[PDB]
Amino acid sequence: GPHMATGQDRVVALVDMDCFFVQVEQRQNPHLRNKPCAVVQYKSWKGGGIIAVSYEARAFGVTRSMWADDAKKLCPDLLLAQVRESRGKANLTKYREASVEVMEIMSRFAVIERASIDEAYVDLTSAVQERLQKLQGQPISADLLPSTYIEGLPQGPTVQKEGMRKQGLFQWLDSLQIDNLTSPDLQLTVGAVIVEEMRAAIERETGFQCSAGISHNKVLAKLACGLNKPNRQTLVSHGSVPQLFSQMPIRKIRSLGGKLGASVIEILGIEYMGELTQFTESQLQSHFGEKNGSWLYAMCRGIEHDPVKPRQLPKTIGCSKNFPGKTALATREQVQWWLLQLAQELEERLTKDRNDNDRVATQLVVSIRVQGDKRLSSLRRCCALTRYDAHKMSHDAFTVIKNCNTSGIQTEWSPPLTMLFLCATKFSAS
DNA sequence: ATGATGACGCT
DNA sequence: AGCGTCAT
Ligand SMILES: Nc1nc2c(ncn2[C@H]2C[C@H](O)[C@@H](COP(=O)(O)NP(=O)(O)OP(=O)(O)O)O2)c(=O)[nH]1
Ligand SMILES: [Mg+2]
Ligand SMILES: [Mg+2]
């Protein structure tokens with residue numbers, strides 16, 4: 001009772017851009033705005049692979065990983081923007097630049113953890129404390145939370161979405177105990193006020209809309225964010241967790257979407273996150289290991305301790321290209337030319353990184369995939385990254401992988417390569 | 001024939 | 001050091 005931690009010590013938010021690459025293209029080309037629209041990579045094979053989809057197009061069944069030709073069958077008037085192609089590969093520079101726009105704005109409110117090209121966590125615990133003491137003790141008006149959902153409300157004793165949102169928010173605010181600065185529900189609420197302000201600033205200064213989750217930890221914040229996309233934010237209180245998790249498939253929890261989540265389901269014979277509470281910590285540790293067991297024991301109770309890391313920049317800079325089926329690289333000269341293309345993009349991004357961020361990469365990781373191998377990587381080799389020079393980087397990459405070539409002859413490569421991947425790592429201050 | 005490519009755990 | 005997992 002008095003000694004059992006409830007995991008309510010922090011206020012954490014996750015902000016994620018709505019259909020991000022689509023919004024980047026819609027900002028640039030007004031003709032695409034408020035329309036079913038998707039962003040695709042390449043064009044020749046089946047119209048291009050879709051990697052982002054406007055909410056208007058999602059209503060037709062268009063999804064990520066769909067070929068554009070197939071999406072067009074679902075949505076004949078679907079509009080398409082293609083990712084820039086440079087040196088024969090996809091070039092995502094425009095979206096990396098848009099990302100920096102958003103991250104730099106979020107950084108004004110608190111130190112962020114950049115978690116992807118379009119989302120960041122923020123620890124608002126301190127900001128919340130300062131806002132609480134400076135609002136004197138005033139109650140929090142619903143007007144300060146104009147796009148906020150309270151997960152689980154309304155409950156108990158309007159048939160349209162906005163009406164439901166407000167009734168839930170009203171129930172929540174009417175119940176708040178604003179006289180107690182230590183109340184976690186209050187801290188979350190103030191967090192939500194701050195996130196409304198953050199999201200307003202993002203939209204005002206970039207034109208991009210986003211959604212957000214506010215909770216006590218990263219996993220719940222991320223989950224909350226998704227509950228009411230697009231252009232809304234969701235507060236998941238500690239109190240909301242039992243009902244929320246009681247019907248929540250285990251795979252919806254980040255890190256559980258793969259084989260670990262599958263084994264939890266199979267070994268324990270359960271479906272929902274809440275069902276995990278039945279097991280002792282030792283029981284979970286026995287099935288899934290010490291780290292996973294402890295994590296699962298706490299997580300099914302809404303508790304997680306992973307900190308928001310002070311990290312606004314990516315830890316690695318990399319680029320890759322697949323060469324599927326018949327396009328697999330089967331000659332020495334081919335392998336070298338594409339290593340050079342990848343290396344040239346990497347040099348330009350590295351040089352820009354050094355100027356912007358006062359750091360230099362010191363290690364180069366070369367990854368390949370061979371024909372027949374379904375793994376992401378068949379083989380990885382590293383070498384020193386001592387100069388931002390594409391010819392040197394590509395030559396060095398060839399050197400460390402050249403012995404994979406089981407060909408007898410000079411100019412051929414066997415088995416043919418279905419992927420090349422250069423990744424610059426181990427940054428140092430410069 | 002998804003693709004591009006990013007974080008991070010394990011040994 | 002190099003491989004596996006999860007992600008989208
Ligand atoms: N090259 C590449 N880019 C991708 C891929 N998957 C996603 N992206 C790019 C494209 C995405 O726009 C962007 C952000 O990914 P999300 O936040 O997971 N999806 P979004 O923001 O589109 O929609 P919403 O968040 O509203 O559900 O990352 C991929 O497989 N490959
Ligand atoms: Mg997004
Ligand atoms: Mg995202």
Side-chain angles (χ1 to χ4, degrees), chain A residues 41 49 51 65 86-93 96 114-117 254-255 257-260 289 291-292 309 311 313-354 357 359-408 410-428:
Chain A
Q41 299 181 127
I51 55 166
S65 315
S86 300
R87 295 174 236 274
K89 65 177 301 289
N91 175 6
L92 309 174
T93 296
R96 295 194 181 97
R114 175 205 195 270
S116 79
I117 195 153
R254 49 187 274 203
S255 80
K259 271 171 274 190
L260 174 62
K291 107 199 176 285
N292 291 335
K309 292 169 184 48
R311 183 180 64 77
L313 304 171
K315 304 186 100 169
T316 59
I317 292 177
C319 61
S320 68
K321 184 170 174 49
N322 292 1
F323 308 92
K326 269 228 169 27
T327 60
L329 310 187
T331 76
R332 193 214 86 241
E333 184 77 7
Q334 234 182 339
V335 172
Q336 289 175 349
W337 186 83
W338 281 110
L339 282 175
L340 184 62
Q341 303 317 292
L342 289 184
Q344 288 184 338
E345 181 186 327
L346 184 57
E347 171 180 355
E348 83 173 341
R349 288 166 60 186
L350 282 174
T351 294
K352 175 63 151 46
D353 185 77
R354 183 178 68 215
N357 300 318
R359 62 181 188 161
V360 297
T362 66
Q363 188 185 43
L364 185 70
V365 182
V366 188
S367 178
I368 68 180
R369 188 179 61 183
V370 290
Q371 197 147 56
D373 198 345
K374 264 137 171 311
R375 293 177 291 168
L376 189 50
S377 171
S378 287
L379 180 128
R380 276 168 272 188
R381 294 290 189 267
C382 66
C383 60
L385 209 175
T386 56
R387 269 159 55 184
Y388 287 0
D389 178 278
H391 281 103
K392 173 173 171 53
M393 283 194 291
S394 52
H395 175 271
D396 289 353
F398 184 65
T399 302
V400 298
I401 70 168
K402 67 160 78 128
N403 76 304
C404 292
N405 189 7
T406 70
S407 153
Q410 296 174 336
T411 66
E412 311 310 288
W413 190 285
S414 57
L417 301 185
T418 57
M419 190 199 62
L420 297 177
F421 187 3
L422 299 180
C423 179
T425 64
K426 305 213 181 306
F427 282 87
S428 285

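In what follows, chains are A, B, ... by sequence order, proteins preceding strands, each numbered from 1.
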Under the ring pair (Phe, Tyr, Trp, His ring centres under 6.0 Å) rule, what pairs show up with a residue in residues 313-343 of chain A, not counting sequence neighbours? A:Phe323-A:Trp338
Side chain proximity check, A:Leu417 to A:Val370, heavy atoms < 4.5 angstrom: yes
Over all atoms of both residues, closest heavy-atom pair of A:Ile51 and A:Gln41: CG2-NE2, 3.8 Å
Under 3.5 Å, sequence neighbours excluded: what are the donor-acceptor pairs made by side chains of residues 396-406 of chain A?
unit_1   : atom_1 : unit_2   : atom_2 : d
A:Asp396 : OD2    : A:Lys392 : NZ     : 3.0
A:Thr399 : OG1    : A:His395 : O      : 3.0
A:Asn405 : OD1    : A:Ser407 : N      : 3.1
A:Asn405 : OD1    : A:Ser414 : N      : 2.9
A:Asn405 : ND2    : A:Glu412 : O      : 2.9
A:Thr406 : OG1    : A:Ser414 : O      : 3.2

For A:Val366 and A:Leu422, run side-chain contact (heavy atoms from CB on, under 4.5 Å): C-alpha distance rounded to whole Å, both residues' side-chain angles, the deciding distance at 0.1 Å, then the answer. CA-CA 5 Å; A:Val366 188; A:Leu422 299 180; 4.0 Å; yes
So how far is it from A:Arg114 CZ to A:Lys315 NZ, rounded to the nearest 0.5 Å? 12.5 Å
Shortest non-hydrogen contact between A:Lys89 and A:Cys319, atoms and distance: NZ-CB, 3.8 Å
May I have all residue pairs that pass side chain to side chain donor-acceptor pair (under 3.5 Å) and include part of residues 369-379 of chain A, sequence neighbours excluded? A:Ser367-A:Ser377, A:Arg369-A:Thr418, A:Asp373-A:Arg375, A:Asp373-A:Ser378
Rounded to the nearest 0.5 angstrom, the CG-CG distance for A:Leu420 and A:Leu340 is 11.5 Å
Are the side chains of A:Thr93 and A:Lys352 in contact, using a 4.5 Å heavy-atom criterion? no
For the residue pair A:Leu346 and A:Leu364, establish whether any side-chain heavy-atom pair is separated by less than 4.5 Å. yes
Close side-chain approach of A:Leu339 and A:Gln336, heavy atoms under 4.5 Å: no
Are any non-hydrogen side-chain atoms of A:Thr331 and A:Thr411 less than 4.5 angstrom apart? no
Counting only N and O atoms by type, is there a donor-acceptor contact under 3.5 Å from the side chain of A:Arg349 to the main-chain atoms of A:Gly318? yes
Of all heavy-atom pairs between A:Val360 and A:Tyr388, which one has the smallest distance, and what is that distance? CA-OH, 3.3 Å
Measuring from atom CD1 of A:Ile317 to atom CG of A:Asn357, what distance do you get when rounded to the nearest 0.5 angstrom? 7.5 Å
Side-chain donor or acceptor of A:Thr362 paired with backbone N/O of A:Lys426 under 3.5 Å: yes
All heavy atoms of A:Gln410 vs all of A:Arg332, minimum pair found to be O-CB, 4.0 Å
Taken to the nearest 0.5 Å, the spacing of A:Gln344 CD from A:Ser394 OG works out to 7.5 Å
Could you tell me whether A:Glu348 and A:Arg87 have a side-chain N and a carboxylate O separated by less than 4.0 Å? yes
If you measure from CG on A:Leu385 to CE on A:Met393, what distance do you get to the nearest 0.5 Å? 5.5 Å
Mind checking the CG-CZ spacing from A:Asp353 to A:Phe427? Nearest 0.5 Å is all I need. 4.5 Å
Are there more than 12 heavy atoms of other residues, nucleotides or ligands under 6.0 Å from atom CZ of A:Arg387? no
